[PDB]
Amino acid sequence: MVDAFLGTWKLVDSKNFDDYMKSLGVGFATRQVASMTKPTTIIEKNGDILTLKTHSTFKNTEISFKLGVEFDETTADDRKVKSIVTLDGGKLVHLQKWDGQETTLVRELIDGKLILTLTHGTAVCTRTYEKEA
Ligand SMILES: CCCCCCCCCC(=O)O
């Protein structure tokens with residue numbers, strides 16, 4: 001079910017990431033650096049367990065989870081959230097909850113590219129990743 005998402009992916013397009021970060025309360029200096037970073041995202045599985053790494057010259061993160069089972073997460077911007085990841089319409093949907101707030105991180109494959117849509121408040125960011133061999 002998750003298999004075409006697996007592998008190493010590199011950021012190749014970003015729209016409205018500053019808006020998204022600002023909505024989350026990320027400070028201006030972090031938003032500068034992040035606006036010029038191109039992370040590598042690595043998605044792997046081992047049985048029921050998925051591990052999602054995000055690597056860059058600025059922030060690195062790693063999470064492991066089972067689909068459909070809540071997990072604790074500390075995000076790149078230091079939010080402590082309650083998370084769940086699930087497949088919905090063939091999209092990998094990651095929902096984070098904290099302080100009564102929510103944000104969604106939705107991944108879908110379109111023409112072989114991985115499109116990540118980030119929504120918080122009214123801000124909608126679209127980031128495109130392409131697969132590394
Ligand atoms: C430093 C800002 C962090 C915002 C939350 C994480 C954004 C992930 C973006 C991505 O994986 O392409």
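Atoms within each ligand, like the ligands themselves, are counted from 1 in listed order. In this chain, numbering begins with 1 at the start of the sequence shown.
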Nearest protein heavy atom with distance in Å, relative to [atom]:
| atom | result |
| --- | --- |
| atom 4 (C) of ligand 1 | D77 OD1, 3.9 Å |
| atom 1 (C) of ligand 1 | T30 CG2, 4.0 Å |
| atom 6 (C) of ligand 1 | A76 CB, 4.6 Å |

State, without any angle test, whether [X] and [Y] hold a side-chain donor-acceptor pair at a distance under 3.5 Å.
| X | Y | answer |
| --- | --- | --- |
| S23 | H120 | yes |
| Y20 | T119 | no |
| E102 | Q96 | no |
| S56 | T37 | no |

Short N-O contact, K59 and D77, less than 4.0 angstrom: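 Result for this pair is no, no salt bridge flagged.
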Return a yes/no value: protein heavy atom under 4.0 Å from atom 10 (C) of ligand 1?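 Neighbour list for atom 10 (C) of ligand 1 includes protein heavy atoms (cut-off 4.0 Å).
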As an exercise, identify every atom of ligand 1 less than 4.0 angstrom from a heavy atom of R127. 9 (C), 10 (C), 12 (O)
List ligand 1 atoms under 4.0 Å from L116, heavy atoms only on the residue side.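 The atoms of ligand 1 under 4.0 Å from a heavy atom of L116 are 10 (C), 11 (O), 12 (O).
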If you measure every N or O of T54 against every N or O of ligand 1, does any of those distances drop under 3.5 Å?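 By distance alone, the answer is no.
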For ligand 1 and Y129, I'd like to know whether there is a polar contact (N/O to N/O, distance under 3.5 Å). yes
Taking only residues two or more places apart in sequence, or in another chain, which ones meet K10 in a salt bridge (charged side-chain N to carboxylate O under 4.0 Å, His left out)?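 With sequence neighbours excluded, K10 shows a salt bridge (charged side-chain N to carboxylate O under 4.0 Å, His left out) to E132, given in chain and number order.
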